[PDB]
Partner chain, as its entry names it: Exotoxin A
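A lone chain, given as structure tokens: the form solved without its partner chain.
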């Protein structure tokens, strides 16, 4: 327990500060180990509550051991900050940002299950941020009490684990740090049981056995591990697992360390009453009061704790081997700064200089009971933040040349994040971890607070600023529609990042930056902007009705007089052309000379068609045509207006299910009209044309076309695999994967069926730890090979569902009901 003054004092000596976190796979013991640490070293102040993000630990070392510290030191006291980052192990972004404020890690590894997958994934992440590790093989009790392991066996398991780790380390750690591998002999690997409350390091033993009988420790600890043996008989040290007579010799580690431990377990767990007292007498393990009447487990726990207090071993490695802000910021400053390595600020970070311009990294915002408020949490890398001081909050985006929506505000208060409690402080010098009240609105998630103008931003998580999620929105009571329409306009004004629009299928669509963004946009819309009961739903997809080939036989249809008859056929127009029609290159409003040249010379159509085309449909200019290939027909030109209108009709709503036609060309092969106008007017022709087209259409191997998005995702070469996994489950098709010379992030491009997209952006982030950054756009129509008229096929399923939704007959009228024989 300390006072704000006491605390502030600890903060001045940043050489004696340790910023770290416990890295561990699930269930390996991280929670219990940290509590172990908190119970002995945890710090308190001597009602606002917050979500614990970090804890302060206090540890004082001996004048001697303090000399074992190969790094600038000042005093015997140390302030250790145990940062906490346990959510979604996969989400590398979320994690990395958090690990970024630490300089060291206590890597935990189970004795039995050793180094595994989740383990090396976090260890590799750490190395990524240039963090130095130390290991603790935990749950050693498990190996004994359960597996009945033998001394040489256990040693082997440890050696194995230690070796595995180092592979990960050397194979990935930067050379700019020097061999950062872990060595049991050098005291950077601990062994113990977090649960039972005991652990040890080679150093602890070597040091003890180093004064009991004056002998140097450095030398001694090198022997207490590896292939060094001590022949009891010869009274000498050997490097041979066999003596002169070739006879077996016991390893130093097993002889002087493991053995004492193994004996204590046997003598206790076997209730050997007589040996216990003496065994304890030789190890100098003194028990008090009632403790002398414990048995088995209950006694073993008490003894081991008194013998090898787990805290001491862990605290030792942290103080003697994990770097101080000073030591680390020197070789970590590069990566932490987006700007030039010679910049003023980048150099301050290098120097953990408190007198410089502020370089404060906001790691994340944290929820408090201070009424919806969030205190900013992070590290002061350069300069010193002060309560009141004005600061330049620099968002994820910001750049020194653009007002870029910066934010120059005043730190309402600087505070210590003591677990669930905060304590007001005046200022805080570089190298410390700290919390800030008053930046709730100006920033969300990562950020940077500088006091300089040339000051660039520090390496923070990047954002998603493209519309990647959307839903259709409808009012529940028809009469509120105008309120929804007005609300949608309001929503947009108040939010530069929201997008609203009308779907081809007449729906109000609202798209957001990510799921959460969308969620609030909807809440805001329903209860504020429009204030009306809404109905959110997956938007309805539009399809196109087309033909795969020409009518298998002339389509014939007689008017309701039986007087007039149309013989036509249909065939598929080419995509290139439909596209030209659609993009306005082949336009109905252009002079004929222009249109004629284009279709004949650039799109290779017969030079005589352009003059026979009667119209484009639907709406006069759609990618569908009526070419008059008749001949001796007398009054052929008297019905033109009717045929055109009938065409504008059939193309707006095809026969498969009322969707627009696309790429359809109808050839009016022949017509046998009447002689008098009385029996050929509108009412008689339209019905014949319309009907005959449907007949032609249906007879031309009809098909449906589905809309398809073009999606572009930028993501880390590692997570790039998730992109593929999701896309495979959604009929997606990869178009290209292009590398970036410096591996800052590959960019994958692929086609994703629109009807295969609801929830995609969400699934993408899940399969990539939010590492992938998508953006998508409508790109093209694509014919489905399946048969639209067979309810079982993908297409038939679609049509079925559609007709159903529409309240149409579920069955699709075959061509015959449109065809007219004899």
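Positions refer to the first chain, counted from 1. Here, rigid core means the biggest group of C-alpha atoms that superpose within 1.5 Å across both forms.
One more form of this protein exists, namely the form deposited with its partner chain bound; it is left out here, but the text below deals with it.
Contact with its partner chain in the entry with it bound, defined as a heavy atom within 4.5 Å, holds for exactly one of 398, 200, 709, 694, namely 694. This chain is displayed alone, yet in the entry with it bound one of 507, 222, 227, 480 has a heavy atom within 4.5 Å of its partner chain; that residue is 507. Using a 4.5 angstroms limit between non-hydrogen atoms, residue 649 touches its partner chain in the entry with it bound.
Its partner chain is not drawn, but in the entry with it bound it has a heavy atom within 4.5 Å of residue 817. Though the partner is left out of this view, residue 801 does not reach within 4.5 Å of its partner chain in the entry with it bound, counting heavy atoms only.
Mapping the unseen interface onto this chain, residue 145 falls outside it, with no heavy atom inside 4.5 Å of its partner chain in the entry with it bound.
Contact with its partner chain in the entry with it bound, judged as any non-hydrogen atom within 4.5 angstroms, is confined among 427 to 435, 356 to 364, 497 to 505, 295 to 303 to 497 to 505. Here the rigid core is superposed between the shown form and the other one, and of 137, 689, 79, 308 the C-alpha of 689 is the only one to shift by 2 Å or more. After superposition on the rigid core, displacement of the C-alpha of residue 151 between the shown form and the other one stays below 2 Å. Relative to the superposed rigid core, residue 548 undergoes a CA displacement of at least 2 Å between the shown form and the other one. Once the cores line up, the CA of residue 382 ends up less than 2 angstroms apart between the shown form and the other one.
Legend note: Cα of residue 715 to Cα of residue 396 is at least 3 Å farther in the entry with it bound than in the depicted form.
Compared with the form shown here, the Cα atoms of residue 448 and residue 715 move at least 3 Å farther apart in the entry with it bound.
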